[PDB]
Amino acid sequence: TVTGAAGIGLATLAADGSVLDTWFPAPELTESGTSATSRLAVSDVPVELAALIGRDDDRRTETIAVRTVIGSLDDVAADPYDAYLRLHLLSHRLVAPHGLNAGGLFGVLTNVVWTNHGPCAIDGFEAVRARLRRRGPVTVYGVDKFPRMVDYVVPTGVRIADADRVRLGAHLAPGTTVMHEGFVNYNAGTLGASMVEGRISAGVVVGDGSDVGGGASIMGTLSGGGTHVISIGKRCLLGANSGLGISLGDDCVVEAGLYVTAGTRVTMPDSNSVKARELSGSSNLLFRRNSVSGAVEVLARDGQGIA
């Protein structure tokens, strides 16, 4: 019942040996085993990667072929190669969010200056910049521990209008469209076809047929329940500029412009109120703010009733 994983990768190391990134063209799941990354011998390097190995004197970096193995996906990432493999498994949809331990990545990953000449270390970057500029403009896409998903894999059946907004480790199921205002973090994303125009925080999962409206916030700052991760089930709709700090079951809706936090008091059809966290995971709910009273209300959506 323990599953492992393995992949041949092209890793870029900084001048001090720090792992900046690793691209695995064909990761795969394997029987449980022993975690380690090794340098591949010449005869084991796929021909497509052999042409990509080298040293960049201006960036002071080297690109090397490795094989990374994870003994158990339940274990925490040991090092950055292991971290990059786990992120690739998610974005390749070989594992769904929470199907592997995605804990502790901030601590294991290197902060990288991502440029139009490849990953660079922070250390010595201003001298690197001046050297690279002999080649043409130096553009820095971002400075962060997580790069852009699409620079490692483009999953099929998917559209991403502005790929700055999908981190490697995001899981986008076939039929998903991420629009310009959409954002998907690592260990997060969609299980089926969703229009994603709002923000899916790390660990958040959105079920098949559910749409996230423009500017909508799922599990944002001050949204509530610190501890447990929230998810939304199937056929849910979050209105534009809405927010959500509790899980939703199937067939729920949050009105445009409404932020439902776990601690928000919600008035029910019977006139009683509960904290929204008491509704977390329920189905068939519509949340709105009454435009006459200003009260946050929840209504049943199927003609049946809340519970």
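In this text, residue numbers run from 1 along the sequence as written.
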| request: Could you check which stretch, 113 to 121 or 227 to 235, carries the larger mean CA temperature factor in the entry? | output: 227 to 235
| task | Averaging only over Cα atoms, indicate whether 218 to 226 or 132 to 140 has the higher B-factor in the PDB entry. | result | 218 to 226
| query | Which third of the chain does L20 land in by C-alpha B-factor: lowest, middle or highest? | reply | middle
| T12: which third of its chain by C-alpha temperature factor? | highest
| By the record's CA B-factor, is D151 among the lowest, middle or highest third of residues in the chain? | lowest
| task | Taking the values exactly as deposited, rank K145 by C-alpha B-factor within its chain and report the matching third: lowest, middle or highest. | result | middle
| remark: Chain-relative C-alpha B factor for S283 (record values, thirds): the lowest
